[PDB]
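*Asks:* The following block contains the structure, expressed as structure tokens.
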Amino acid sequence: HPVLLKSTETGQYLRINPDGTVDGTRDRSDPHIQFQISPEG
Amino acid sequence: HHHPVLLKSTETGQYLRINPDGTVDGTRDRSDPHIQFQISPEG
Amino acid sequence: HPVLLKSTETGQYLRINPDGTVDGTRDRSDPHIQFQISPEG
């Protein structure tokens, strides 16, 4: 059950591209915007 | 009622920011509206 | 309470580097992949 990280002011989702670059996109269906958040411990 | 959150680097103290042009960087300006995030389930 | 933000599609963790740049990495040992999540208010 992944989560999305959305900029509240711009509507953009955080994306990590395969090449390691990070940017924003408004395509909610892009699988590269899905995250798992877990404790470091 | 909304519940915006901030995402802060433990190493550098910088908050994640998405800029209108789609670029992503970090800032220590806690008042920058661009550092506010909504986290929600994809489902 | 530090957390990791991992892309499900590529296995990369979000990172803010010493110089402030944001990228993805699979280096689990880099302390730069640790984040704190807090309420804006």
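Chain labels run A, B, ... following the order of the structure tokens; each chain numbers its residues from 1, and ligands are numbered from 1 in the order shown.
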Contacts of segment 8-14 of chain C at 9 Å or less, counting only C-alpha atoms, minus same-chain residues fewer than 5 places along, as JSON, numbers by chain?
*Replies:* {"A": [2, 16, 17, 18, 20, 22, 31, 32, 33, 34, 35, 36], "C": [22, 23, 24, 25, 26, 27, 28, 32, 33, 34, 35]}
*Asks:* With only C-alpha atoms as the counted atoms, please give the residues lying no more than 12 Å from residue 2 of chain B, apart from itself and same-chain residues fewer than 6 positions off, as a CSV table (one decimal) with N, CA and C atoms, in the first residue's frame.
*Replies:*
```csv
chain,number,residue,atom,x,y,z
A,8,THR,N,1.6,20.4,-1.9
A,8,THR,CA,0.2,21.0,-1.7
A,8,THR,C,0.0,22.3,-2.5
B,36,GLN,N,5.6,22.2,1.7
B,36,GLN,CA,4.4,21.5,2.3
B,36,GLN,C,4.0,20.4,1.4
B,37,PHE,N,3.9,19.2,2.0
B,37,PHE,CA,3.4,18.0,1.3
B,37,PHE,C,2.2,17.4,1.9
B,38,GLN,N,1.4,16.8,1.0
B,38,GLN,CA,0.3,15.9,1.4
B,38,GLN,C,0.8,14.4,1.1
B,39,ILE,N,0.8,13.6,2.1
B,39,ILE,CA,1.1,12.2,1.9
B,39,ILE,C,-0.2,11.4,2.0
B,40,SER,N,-0.5,10.6,1.0
B,40,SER,CA,-1.8,9.9,1.0
B,40,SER,C,-1.5,8.5,0.3
C,39,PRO,N,4.4,17.8,11.2
C,39,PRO,CA,3.3,18.6,10.7
C,39,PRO,C,3.8,20.0,10.4
C,40,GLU,N,3.2,20.7,9.4
C,40,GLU,CA,3.6,22.0,9.1
C,40,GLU,C,3.2,22.9,10.3
C,41,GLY,N,2.1,22.6,11.0
C,41,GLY,CA,1.7,23.4,12.2
C,41,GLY,C,1.6,22.5,13.4
```
*Asks:* Take atom CA of residue 43 of chain B and atom CA of residue 29 of chain A and report the distance between them in Å, one decimal.
*Replies:*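 Separation of atom CA of residue 43 of chain B and atom CA of residue 29 of chain A: 11.1 Å.
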*Asks:* Give me the residues within 9 Å of residue 29 of chain B as a VMD selection string, counting only C-alpha atoms and dropping any in the same chain fewer than 3 places off.
*Replies:* chain B and resid 14 to 15 32 35
*Asks:* Write out the residues from the selection above, keeping N, CA, C and O atoms, as a short mmCIF file (atom, residue, chain, number, x, y, z; two decimals), in the first residue's frame.
*Replies:*
```
data_model
loop_
_atom_site.label_atom_id
_atom_site.label_comp_id
_atom_site.auth_asym_id
_atom_site.auth_seq_id
_atom_site.Cartn_x
_atom_site.Cartn_y
_atom_site.Cartn_z
N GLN B 14 17.85 20.48 5.61
CA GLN B 14 17.07 21.06 4.52
C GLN B 14 15.74 20.33 4.31
O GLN B 14 15.66 19.11 4.45
N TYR B 15 14.71 21.10 4.00
CA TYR B 15 13.40 20.57 3.67
C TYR B 15 13.28 20.35 2.17
O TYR B 15 13.73 21.17 1.37
N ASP B 32 8.65 28.61 3.47
CA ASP B 32 8.43 28.49 2.03
C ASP B 32 7.22 27.59 1.78
O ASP B 32 7.25 26.43 2.12
N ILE B 35 7.43 23.82 0.47
CA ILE B 35 7.92 22.65 1.20
C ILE B 35 6.81 21.82 1.83
O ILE B 35 7.06 20.80 2.44
#
```
*Asks:* Given a cut-off of 8 Å, which residues of chain B touch chain C, counting only C-alpha atoms, written out as a ChimeraX atom specification?
*Replies:* /B:3-12,14,24-27,36
*Asks:* With C-alpha atoms kept, could you save the residues just selected as a PDB file, in the first residue's frame?
*Replies:*
```pdb
ATOM      1  CA  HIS B   3      -2.704  17.739   7.389  1.00  0.00           C
ATOM      2  CA  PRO B   4       0.322  19.017   5.435  1.00  0.00           C
ATOM      3  CA  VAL B   5       3.745  17.765   6.451  1.00  0.00           C
ATOM      4  CA  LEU B   6       7.386  18.735   5.986  1.00  0.00           C
ATOM      5  CA  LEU B   7      10.146  16.360   4.873  1.00  0.00           C
ATOM      6  CA  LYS B   8      13.448  17.336   6.512  1.00  0.00           C
ATOM      7  CA  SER B   9      16.921  15.860   5.938  1.00  0.00           C
ATOM      8  CA  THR B  10      18.456  14.693   9.202  1.00  0.00           C
ATOM      9  CA  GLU B  11      21.978  15.247   7.776  1.00  0.00           C
ATOM     10  CA  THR B  12      21.617  18.718   6.300  1.00  0.00           C
ATOM     11  CA  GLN B  14      17.071  21.058   4.516  1.00  0.00           C
ATOM     12  CA  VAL B  24      13.177  19.469  -6.805  1.00  0.00           C
ATOM     13  CA  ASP B  25      15.675  20.854  -4.323  1.00  0.00           C
ATOM     14  CA  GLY B  26      16.147  21.614  -0.636  1.00  0.00           C
ATOM     15  CA  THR B  27      15.812  24.722   1.498  1.00  0.00           C
ATOM     16  CA  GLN B  36       4.447  21.515   2.256  1.00  0.00           C
TER      17      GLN B  36
END
```
*Asks:* What's the separation between atom CA of residue 21 of chain B and atom CA of residue 41 of chain B, in Å to one decimal place?
*Replies:*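 According to the coordinates, atom CA of residue 21 of chain B and atom CA of residue 41 of chain B are separated by 24.8 Å.
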*Asks:* Which of chain C end up as strand (DSSP E) when DSSP is run on this backbone - answer as a list in words?
*Replies:*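 Assigned to strand (DSSP E), within chain C: residues 3, 4, 5, 6, 7, 13, 14, 15, 16, 22, 23, 24, 25, 35, 36, 37, 38 and 39 of chain C.
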*Asks:* Restrict the selected residues to N, CA and C atoms and save them as a compact mmCIF listing (two decimals), in the first residue's frame.
*Replies:*
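Output file part-v2.txt is given in full below:
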```
# COMPACT_ATOMS: atom_id res chain seq x y z
N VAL C 3 13.02 8.36 8.96
CA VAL C 3 12.43 7.42 8.02
C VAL C 3 13.16 7.44 6.69
N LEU C 4 12.95 6.37 5.93
CA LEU C 4 13.45 6.25 4.57
C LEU C 4 12.27 6.35 3.61
N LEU C 5 12.52 6.98 2.47
CA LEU C 5 11.50 7.18 1.44
C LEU C 5 11.94 6.44 0.20
N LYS C 6 11.40 5.25 0.00
CA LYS C 6 11.88 4.35 -1.04
C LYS C 6 10.90 4.25 -2.20
N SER C 7 11.38 4.54 -3.41
CA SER C 7 10.59 4.31 -4.63
C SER C 7 10.33 2.83 -4.85
N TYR C 13 16.16 5.15 -2.82
CA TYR C 13 15.81 6.02 -1.70
C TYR C 13 16.03 7.47 -2.07
N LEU C 14 15.12 8.34 -1.63
CA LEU C 14 15.31 9.77 -1.75
C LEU C 14 16.50 10.21 -0.91
N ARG C 15 17.25 11.18 -1.41
CA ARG C 15 18.44 11.68 -0.72
C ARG C 15 18.61 13.17 -0.94
N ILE C 16 18.97 13.91 0.12
CA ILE C 16 19.51 15.26 -0.05
C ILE C 16 21.00 15.19 0.27
N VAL C 22 19.11 17.02 -4.66
CA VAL C 22 18.21 15.90 -4.39
C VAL C 22 18.29 14.85 -5.48
N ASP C 23 18.53 13.61 -5.08
CA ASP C 23 18.58 12.51 -6.04
C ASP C 23 18.09 11.22 -5.41
N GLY C 24 18.20 10.12 -6.15
CA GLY C 24 17.88 8.81 -5.63
C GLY C 24 19.12 7.95 -5.58
N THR C 25 19.16 7.04 -4.61
CA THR C 25 20.31 6.16 -4.45
C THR C 25 19.86 4.82 -3.89
N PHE C 35 15.08 11.01 6.67
CA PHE C 35 14.23 12.18 6.77
C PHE C 35 13.38 12.17 8.03
N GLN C 36 13.03 13.36 8.50
CA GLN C 36 12.02 13.50 9.53
C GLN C 36 10.75 14.06 8.90
N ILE C 37 9.60 13.48 9.24
CA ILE C 37 8.30 13.98 8.79
C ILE C 37 7.59 14.64 9.96
N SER C 38 7.23 15.90 9.80
CA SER C 38 6.58 16.64 10.87
C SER C 38 5.41 17.45 10.33
N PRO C 39 4.41 17.75 11.17
CA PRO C 39 3.31 18.61 10.72
C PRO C 39 3.79 20.03 10.43
```
